[PDB]
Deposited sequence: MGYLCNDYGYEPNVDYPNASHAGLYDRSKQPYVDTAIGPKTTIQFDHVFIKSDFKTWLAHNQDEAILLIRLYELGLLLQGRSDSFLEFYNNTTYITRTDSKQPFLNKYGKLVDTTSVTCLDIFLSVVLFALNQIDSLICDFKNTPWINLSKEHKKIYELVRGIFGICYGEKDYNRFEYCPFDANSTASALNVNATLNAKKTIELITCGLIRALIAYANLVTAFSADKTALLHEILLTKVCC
């Protein structure tokens, strides 16, 4: 287990002993790259994942917002888009980019536990909805899943004889309902693979904390 380059990464970067695509960022220390428990800090795998996977992080942040609404956290939800500053359009996901930045700035394990718990709550809700939708070929949803269905929906012609369109809707109503579930399932898979990796990084970070706070 002897490798001087791994023990001295800045020297490894300086002598070009490695192939890092963004040299020296791996040694930057601040709130954006660490987490802490009881003011004991570690360089965080969780924070590295957020920075390398911004796009997928935004998806999870969008699921956090859904979790708030499903949990009844009214104020947190209704104020989720405040303080954006611009009177014009910017990035289509501007409010979630802003929250992303504040998530990266969060260092306390306590606060980060809350984030992941709400995201998982939303992920479990969506999984439960899809299972209910698909438990019979005839579509029938519980009162609670009918609600989830519309929330996930919003949160995220016969030119030869137009008259025939009207009667084609009865067929196209079911098609639209199923398409929505197929798209929801696609997003759920992507969100789950991202969450699985993010929370394992967080769990490994906690092991490092457990080792550090021992003495």
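Deposited sequence positions missing from the model - stretches, numbered from 1, in order: Unmodelled stretches: 1-8, 165-177, 237-241.
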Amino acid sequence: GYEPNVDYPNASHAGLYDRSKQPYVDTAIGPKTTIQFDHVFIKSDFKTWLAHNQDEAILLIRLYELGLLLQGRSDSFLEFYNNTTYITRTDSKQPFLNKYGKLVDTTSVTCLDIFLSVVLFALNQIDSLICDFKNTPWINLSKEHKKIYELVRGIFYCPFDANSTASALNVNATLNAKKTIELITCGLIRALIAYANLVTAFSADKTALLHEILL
From here on, numbers count along this sequence of modelled residues.
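Residue range whose averaged C-alpha B-factor is higher in the record, 112-120 or 67-75: Stretch with the higher mean C-alpha B-factor: 67-75.
97-105 versus 137-145 - which carries the larger mean C-alpha B factor in the record: Looking at the record's C-alpha B-factors, the answer is 137-145.
Of the residues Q36, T174, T48, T27, the one carrying the largest Cα B-factor as recorded: Out of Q36, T174, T48, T27, the record gives the largest C-alpha B-factor to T174.
Assigned third (lowest, middle, highest) for the C-alpha B factor of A191: For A191, the deposited C-alpha B-factor lands in the lowest third.
Chain third (lowest, middle, highest) by recorded CA B-factor, residue given as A14: Ranked within chain, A14 CA B lands in the middle tercile.
Ranked against its chain, the third holding the CA B-factor of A166: Its C-alpha B-factor, which the entry lists for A166, ranks in the highest third among residues of this chain.
CA B-factor ranking of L59, expressed as a third of its chain: Within its chain, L59 is a middle-third residue by C-alpha B-factor, going by the deposited values.
Third of the chain, ranked by Cα B-factor, where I213 sits: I213: CA B-factor falls in the highest third of its chain.
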